[PDB]
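*Asks:* Generate coordinates for the sequence data below:
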Amino acid sequence: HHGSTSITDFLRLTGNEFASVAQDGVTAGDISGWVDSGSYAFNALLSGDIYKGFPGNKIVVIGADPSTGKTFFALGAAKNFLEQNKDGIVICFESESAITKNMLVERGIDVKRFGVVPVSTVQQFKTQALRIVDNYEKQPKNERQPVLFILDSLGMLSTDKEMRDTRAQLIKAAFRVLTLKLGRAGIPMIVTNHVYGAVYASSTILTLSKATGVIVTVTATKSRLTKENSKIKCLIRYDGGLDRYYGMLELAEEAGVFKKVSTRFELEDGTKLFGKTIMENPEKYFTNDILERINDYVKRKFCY
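*Replies:* Numbers count the residues shown, from 1 in each chain. Pasting the structure now:
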């Protein structure tokens with residue numbers, strides 16, 4: 001009965017319907033896909049590719065000084081998600097009391113597809129997030145709408161006890177199970193954190209620092225996908241989104257696609273324009289052409 005066996009046959013013996021030969025390109029990784037942040041430059045820092053964004057089934061931590069606008073950063077990502085996925089919903093697990101209908105309506109966020117779950121402890125967050133995820137997981141893959149989770153914020157969750165403590169151990173356990181269950185379910189999660197247990201939330205930790213809306217530096221403080229201490233600049237628009245183009249001039253320069261000659265920038269054909277002019281109409285100057293070339297440089301700077 002027991003002769004020579006291919007890798008295909010050995011994988012079928014597991015009885016695991018999702019086991020696969022890498023040649024078939026159907027790993028959980030292959031199939032997770034990407035959630036466009038709405039910013040090309042932010043997409044680059046995350047995934048080394050302006051066209052990708054957040055891993056479709058993973059947790060990313062965004063840390064900053066309080067009042068830096070992490071909340072508005074995550075709402076920016078939520079706004080692009082709800083536009084690109086007309087049936088997608090956002091569930092925000094909120095430990096502060098900041099989110100209001102008016103804040104969301106003014107930032108062009110559809111308030112019929114944005115939910116708010118007030119939680120004050122690690123145990124309440126874990127239980128209530130998993131009650132949603134466990135339901136979503138039961139549904140046939142065919143019935144499921146796209147879902148984005150936000151946790152605002154991690155460091156403001158207490159523990160049933162505290163309400164020096166157990167806290168570290170509760171967070172490690174909770175994020176082990178969430179990481180597994182979000183990963184299989186295909187739900188990405190943004191986790192905000194005041195910086196003055198994040199190490200358990202994700203292997204990708206980004207820092208915002210300050211300096212139409214608010215400019216931040218985004219640093220890859222810890223990253224699986226791109227080189228640590230990598231930096232882009234990103235614009236959090238007052239009208240809600242992460243700006244599609246802001247930060248791309250800086251990249252176009254170091255990409256050498258726009259040479260800086262004097263008080264202005266040179267293109268391939270020879271044209272000389274002010275930065276302010278390029279950025280006042282970026283659809284004209286950031287053509288499929290220029291974006292491809294910038295993207296090739298992004299692969300090199302951000303992955304190596």
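*Asks:* Go ahead and produce PDB holding the CA coordinates of whichever strand or helix holds residue 215.
*Replies:* Assessed by DSSP states H and E, residue 215 sits inside strand 213-222. This file holds the C-alpha atoms of strand 213-222, laid out as PDB (Å, rounded to 0.1, in the frame of the first residue of the first chain):
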ATOM      1  CA  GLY A 213      -4.300  69.100   7.300                       C
ATOM      2  CA  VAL A 214      -1.500  67.800   9.600                       C
ATOM      3  CA  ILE A 215       2.000  66.600   8.400                       C
ATOM      4  CA  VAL A 216       3.500  63.600  10.300                       C
ATOM      5  CA  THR A 217       6.800  61.700   9.900                       C
ATOM      6  CA  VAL A 218       5.900  57.900   9.800                       C
ATOM      7  CA  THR A 219       8.900  55.800  11.000                       C
ATOM      8  CA  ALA A 220       9.100  51.900  10.700                       C
ATOM      9  CA  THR A 221      10.300  51.500  14.300                       C
ATOM     10  CA  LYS A 222       9.900  47.700  14.000                       C
END
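*Asks:* Tell me the strands beside that strand, with direction?
*Replies:* Strand 213-222 sits in its sheet next to strand 205-210 (antiparallel), strand 231-237 (antiparallel), going by DSSP bridges.
*Asks:* Run through who's touching that strand.
*Replies:* The contact list for strand 213-222, computed with C-beta atoms under 8 Å, 6 or more residues apart in numbering, reads 42, 45, 63-64, 68-69, 72-73, 203-211, 226-239, 243, 246. For every residue, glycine as well, the C-beta is placed using N, CA and C.
*Asks:* and it, how far from the chain's centre?
*Replies:* Distance, stretch centre to chain centre, for strand 213-222: 13 Å (C-alpha atoms, centre = their mean, to the nearest Å).
*Asks:* In that strand, which of the residues would be classed as buried?
*Replies:* Neighbour-count burial for strand 213-222, counted by 16 or more other C-beta atoms under 10 Å, picks out 213, 214, 216, 218, 219, 220, 221, 222.
*Asks:* same deal with stretch 223-236?
*Replies:* 223, 225, 226, 230, 232, 233, 234, 235, 236.
*Asks:* Equivalent analysis for stretch 37-51, please.
*Replies:* Going by neighbour count (16+ other C-beta under 10 Å), the buried part of stretch 37-51 is 37-50.
*Asks:* Which stretches in this structure count as helices?
*Replies:* 7-13, 28-32, 40-47, 70-84, 101-106, 122-138, 167-185, 198-201, 248-254, 275-280, 282-285, 288-298 (DSSP state H).
*Asks:* Return the set of buried residues in the fourth one.
*Replies:* Of the residues in helix 70-84, those scored as buried under the neighbour-count criterion (16+ other C-beta under 10 Å) are 70-83.
*Asks:* Before I go, just wanted to say thanks for your time.
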